[PDB]
Amino acid sequence: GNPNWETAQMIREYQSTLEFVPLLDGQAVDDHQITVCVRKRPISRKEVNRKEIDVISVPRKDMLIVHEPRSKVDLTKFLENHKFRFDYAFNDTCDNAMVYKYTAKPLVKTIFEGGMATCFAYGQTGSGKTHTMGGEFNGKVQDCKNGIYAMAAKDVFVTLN
Amino acid sequence: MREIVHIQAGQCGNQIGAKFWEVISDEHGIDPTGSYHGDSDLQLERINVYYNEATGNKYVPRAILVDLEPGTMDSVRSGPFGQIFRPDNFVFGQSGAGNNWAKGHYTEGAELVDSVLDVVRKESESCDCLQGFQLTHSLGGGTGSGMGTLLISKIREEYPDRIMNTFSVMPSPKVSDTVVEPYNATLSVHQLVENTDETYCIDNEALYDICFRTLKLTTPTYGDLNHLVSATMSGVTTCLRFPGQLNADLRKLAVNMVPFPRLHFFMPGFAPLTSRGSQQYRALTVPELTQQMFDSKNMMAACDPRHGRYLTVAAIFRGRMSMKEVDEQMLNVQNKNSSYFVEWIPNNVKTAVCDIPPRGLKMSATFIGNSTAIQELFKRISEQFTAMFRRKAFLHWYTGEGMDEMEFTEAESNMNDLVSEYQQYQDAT
Ligand SMILES: CC(=O)O[C@H]1C(=O)[C@@]2(C)[C@H]([C@H](OC(=O)c3ccccc3)[C@]3(O)C[C@H](OC(=O)[C@H](O)[C@@H](NC(=O)c4ccccc4)c4ccccc4)C(C)=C1C3(C)C)[C@]1(OC(C)=O)CO[C@@H]1C[C@@H]2O
Ligand SMILES: Nc1ncnc2c1ncn2[C@@H]1O[C@H](COP(=O)(O)OP(=O)(O)NP(=O)(O)O)[C@@H](O)[C@H]1O
Ligand SMILES: Nc1nc2c(ncn2[C@@H]2O[C@H](COP(=O)(O)OP(=O)(O)O)[C@@H](O)[C@H]2O)c(=O)[nH]1
Ligand SMILES: [Mg+2]
C-alpha cells in the first residue's frame, strides 16, 4: 500500500551512477565444467498491489547485489551492496527457459562424451523452483508441452539421433 | 496583605526547602506542631505571607510539594518537620522523570499537572491578594527541569501579572554531577527566559568555595550547602514580613533590579560569614559587611564579577543601622570601582533597610547583583551543549519521548542571544 518510499529512494542512487551489464537468454552460454547459476521468479501482481519494494540489482552477467536497508547509531538509514561474484546471473524478467538448455548443453555432451554430468536445484519456498525444473513453463496451469526436463530429455533421443 | 505560594520541584528543590522551612518557623518561633511560641509579637505581624491559620492556634505553611516522586517523599515526612505540612499538599506521582527532560515535561507531567494546578488554585483563593510564586528547584536534573518548567508555563497563564521567582540551582562548569546536564540546561532555561520575572542563579561550586575557603569547614553536607541558599530566601522576603525604614517588595526589587524584560538572571550574596568558636576577632559595622558582600570569592554564582560589568545591585540590609553610613558605603564602592560597573546608568546601586535582624546575629545583609559576569556561565554550558549535539549524542532518549530535532536548534539560539546581548553591555557602550 505505502511502505517507506524513501527505502526506494535509497535504492535508485546506486543505479544511476554506474554501468550495468545485464544478462539475457539470447547468447552462447560458454562452458567451464563447473558452475552455480541463478534465476529468480518475477514479482507477482499481488506484491505490486502491496507495494513490495525491489531488493536486487543485476549489474553484471556473473554478479548480483542485494539492497538491504539498515540503520546506524543515530537511526540513520544505511544501504548495503551484497556484492556476490557468481558465475551466471540471470534476471526474473528474462525467463525464456533456455536457461535449462544453456545449462543442459555442457551436460548433454558429457554423458555422451563418457562422463558424469550432474546437477541440483536449490531455492527457497515460493521462489519458483518447481516452476524451474519440474515444469511446465507457462506459469498458469503447467501446460504439458514445456516439461523443463524434456528440453534436454528431448536431447536424450534427439542428441542420440 | 500579600501572600506567597511556595512550590518545590526536583530532588534538589525540596531538600532546599526542608532546611528552609525550618528556618522560617524558627524565625518566628513555631514548633514542629504549629504551636506558636515566639518571644515578641512583632514576628506575628505578617504570619500570613507564608503561613495560614488552622483550627487550634496552628499555622500551616503554604508549600505545594510537587517533587515527592515517592523515594524523596518519606524522607521529608520522616524529617524534623514532617509533622508540619498539611498532608494533602503532598502532590506526586509514580515512576519519575529519571533525569530526562521530556519525561518531566512531555510524558509524566501530563499525567500529573492536572493534579497539581488544582492544588495551586486551592491555596490561591485562600489568600487575600497574591504576588508570590517561589519555585524552588534545580536545573540539570529531571523533575526540577521538566516538571518544574511545566508549572511556570501554566501558572503564568492563570496568573499573568504575579511575581515569578525560581531559585534554580544551576549546573557547575567543572564538577559535572550529571551526564545529560547540558541537555537539561538548554531546554529548561528556554522556558525561563520566556516566563520568569526573576531567578536566583546558584552554583554548587560557588557553595563549595564559600563553605571551605571562608567558613573553613571540613565536610560540607548538603544540608549545610543549602543552608547558605536558605539564608538568601528569608533575607529577601524580610521586608515583606518585617517593618523596615526602607522597605523591599519583591516588585520593588523587580522594577529596580531589571533594566530589560529578558535580562533577569540574578546572583545572590550574603554576609556575615565567618569561622569561629565564640570569640571571633572582628567587629560588626556597616563597612564591615560592605566589603565582604562585594567580594569575588563571596559570590553564589561561580564567576568573577570583575570580569563582567554589574548592571545593577541590591543591598537588602537588616538590623539596626544608620542610613548615612549605608548611603556612603554604597557611594564609595561606586566611586572606587566605577570602571567595573555599567557606566551609562546614573546610579548603579539601591538599598533596602529592614529593622529586625535574625535571631543569632545583630546585623546582616543580602546581596543581589545582576551582571555581565554571568555571561561566562551560559558560555560555559552552551559550549558543553554544542559538543554533544553535533555528534547527536543522547537523542534516542529524547526523540523516543516526543521531541524533535528542530526543538534543539530553537532551544540554544534563545540562550545564544543572551550571551550575545550581554556582550553588547559588557562593552563600554
Ligand atoms: C555564637 C554565634 O554567634 O554563633 C553564630 C556563628 O558562629 C556564625 C559563624 C553562623 C553559624 O552558621 C553556620 O555555621 C552555618 C551552617 C550551615 C549553613 C550556613 C551557616 C551558626 O551555625 C548559625 C547561627 O545563625 C542564626 O542563628 C541565624 O538566625 C540563622 N539561622 C539559621 O540558619 C538556623 C539554623 C538552625 C536552625 C534554625 C535556623 C538565619 C540566617 C538567615 C535567616 C534566618 C536565620 C549563628 C548566628 C551562629 C551559629 C549558631 C554558630 C554563620 O551563619 C549564619 C547563618 O549566621 C556562618 O557564618 C555566619 C556567622 C555567624 O557568626
Ligand atoms: N519464473 C516464473 N515466471 C512466472 N511465474 C512464476 C515463475 N515462478 C513461479 N511463478 C508463479 O508463481 C506462483 C507460485 O509458483 P510455484 O512454482 O507454485 O511455487 P512453489 O515454489 O512451488 N511454492 P510451494 O509449493 O508452496 O512451496 C505460480 O502461480 C507460478 O506460475
Ligand atoms: N544544592 C543541591 N543540589 C542538589 C541536591 N540534590 C541534587 N542536587 C543537584 O541537582 C541536580 C540533580 O537533580 P536532582 O534534583 O537530584 O534530580 P530530580 O530528582 O530528577 O529533579 C544535580 O545538579 C545535583 O548536583 C541538593 O540537595 N542540593
Ligand atoms: Mg510447489
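The residues of chain A that appear here are 246-406 by Swiss-Prot count, in order.
Quick check of the header: electron microscopy, 4.0 Å.
Cβ coordinates come from backbone N, Cα and C, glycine included.
As annotated by Swiss-Prot, ATP binding site applies to A:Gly368, A:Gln369, A:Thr370, A:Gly371, A:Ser372, A:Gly373, A:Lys374, A:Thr375, with the evidence given as sequence analysis. DSSP gives A:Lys374 (ATP binding site) a coil state; it is part of no helix or strand.
Neighbouring residues of the recorded ATP site, listed in sequence order and excluding A:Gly368, A:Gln369, A:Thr370, A:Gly371, A:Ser372, A:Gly373, A:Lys374, A:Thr375, comprise A:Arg286, A:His376, A:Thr377 (Cβ within 8 Å of the Cβ centroid).
Non-local neighbourhood of A:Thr370 (ATP binding site): empty, since no residue in the same chain at least six residues away has a C-beta under 8 Å from its C-beta.
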